[PDB]
DNA sequence: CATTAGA
DNA sequence: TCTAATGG
Ligand SMILES: [Mn+2]
Ligand code: NA
Ligand code: NA
């Protein structure tokens, strides 16, 4: 957690770089297990050798470890940090839509800069166009203050369209968080569950409405189950206009809301931990259900969920407010 | 790990 | 169809 910091750290610096700038999935995969292990190790690694003893630890990484233990640096790392080409891929990637592959290819052609990206808006598809368009607003965090207004609005139209709609803005905002990155609404409806062969419209209707009023300004991707866009709060009695925000809405078969709802709320740890517990408590939990465990090794039979509680009660736990789902 | 764009 | 990018 701290004893092996610089280590796992440089480790990751490395691994990442393989996978992005290079297409060394493996080496990339290597630095990670390694960084994964050394991370767990209970003692101050003093040298390569010591390290080396580890599973995942080979001669290469080990080798690096020394150089870094000896000198508070690494050349390879020092070179890569410098390398513009590689600096470039690191940056382009930040565009919503730009992946590595693409990051590289642009570079290839010579698109390195943000402006470059501009003079060639043509080479870009919608996603990346909008991504590049809202580059600024996309990097900024979402003040809860705003988080509250947004949530407000979404709630209303949803109810406005059909009253039967159930919606929950999940994630960190849900867990109290003073700020958020994008907003995630989980949607559902009674008329839609596990069996009942869809109602794509279900998702559609809402999207349309949010648009109607001018909440959703653009569509990044919309399918019959997961919309993915941009929104903005009505810029008041002017002088201050809102930033373009990322938003995602997903339809959910009512007989799997809470689990999913549980889930997306996290935290990442709380989840796992809760997850680890239901296991002992004779269960299994996943983004959609919770099946009582059977001794033959495994078992199925999805339990009946009506609220965050049911799941709790299931594994026999203390209902935890979202506020305290911290871990 | 699963859902959408695209080519 | 596969392959990329997002999320989570
Ligand atoms: Mn979020
Ligand atoms: Na070894
Ligand atoms: Na990106």
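Chain A residue numbers are taken from Swiss-Prot; in order, the displayed residues are 9-335.
Header entry for method reads X-ray crystallography, 3.2 Å.
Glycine residues also receive a Cβ, built from the backbone N, Cα and C atoms like all the rest.
Per Swiss-Prot, these features apply:
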{"type": "ACT_SITE", "residues": "A:72", "note": "active site, nucleophile"}
{"type": "BINDING", "residues": "A:60, A:62, A:65", "note": "K(+) 1 binding site"}
{"type": "BINDING", "residues": "A:101, A:103, A:106", "note": "Na(+) 2 binding site"}
{"type": "BINDING", "residues": "A:149, A:180, A:183, A:189, A:190", "note": "dATP binding site"}
{"type": "BINDING", "residues": "A:149, A:180, A:183, A:189, A:190, A:192", "note": "dGTP binding site"}
{"type": "BINDING", "residues": "A:190, A:192", "note": "Mg(2+) 1 binding site"}
{"type": "REGION", "residues": "A:183-192", "note": "region 'DNA-binding'"}
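Features as recorded by Swiss-Prot, highlighted on the structure.
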{"residue": "A:62", "record": "K(+) 1 binding site", "DSSP (3 states)": "coil"}
{"residue": "A:72", "record": "active site, nucleophile", "DSSP (3 states)": "helix"}
{"residue": "A:103", "record": "Na(+) 2 binding site", "DSSP (3 states)": "coil"}
{"residue": "A:149", "record": "dATP binding site", "DSSP (3 states)": "coil"}
{"residue": "A:180", "record": "dATP binding site", "DSSP (3 states)": "coil"}
{"residue": "A:189", "record": "dATP binding site", "DSSP (3 states)": "coil"}
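Ligand 2 lies under 6 Å from the Cβ of A:65, out of the binding-site residues A:65, A:103, A:183, A:189, A:190, A:192. If one looks beyond the region 'DNA-binding' (A:183-192) by at least 6 residues along the same chain, the residues whose Cβ comes under 8 Å of a Cβ in the stretch are 149-152, 155, 158-159, 177, 239, 253-257, 272-275, 330-331, 333-334. For ligand 3, the recorded positions lying close by, meaning a CB under 6 A from one of its atoms, are A:101, A:103, A:106; the full candidate list was A:65, A:72, A:101, A:103, A:106. In this structure, the binding-site residues under consideration are A:190, A:192, and the one with the smallest number of other Cβ atoms within 10 Å of its Cβ is A:190. Listed binding-site residues: A:60, A:62, A:65, A:101, A:103, A:106. Those with a CB atom under 6 Å from ligand 1: none.
A Cβ within 8 Å of the Cβ centre of A:149, A:180, A:183, A:189, A:190, A:192, the residues given for dGTP, is found for these other residues of the same chain: A:150, A:179, A:181, A:185, A:187, A:188, A:191. Counting in whole angstrom, residue A:72 (active site, nucleophile) lies 11 from residue A:60 (K(+) 1 binding site) by their C-alpha atoms.
Here the candidates are the binding-site residues A:62, A:65, A:101, A:103, A:106, and by Cα distance the one nearest residue A:190 (dATP binding site) turns out to be A:103.
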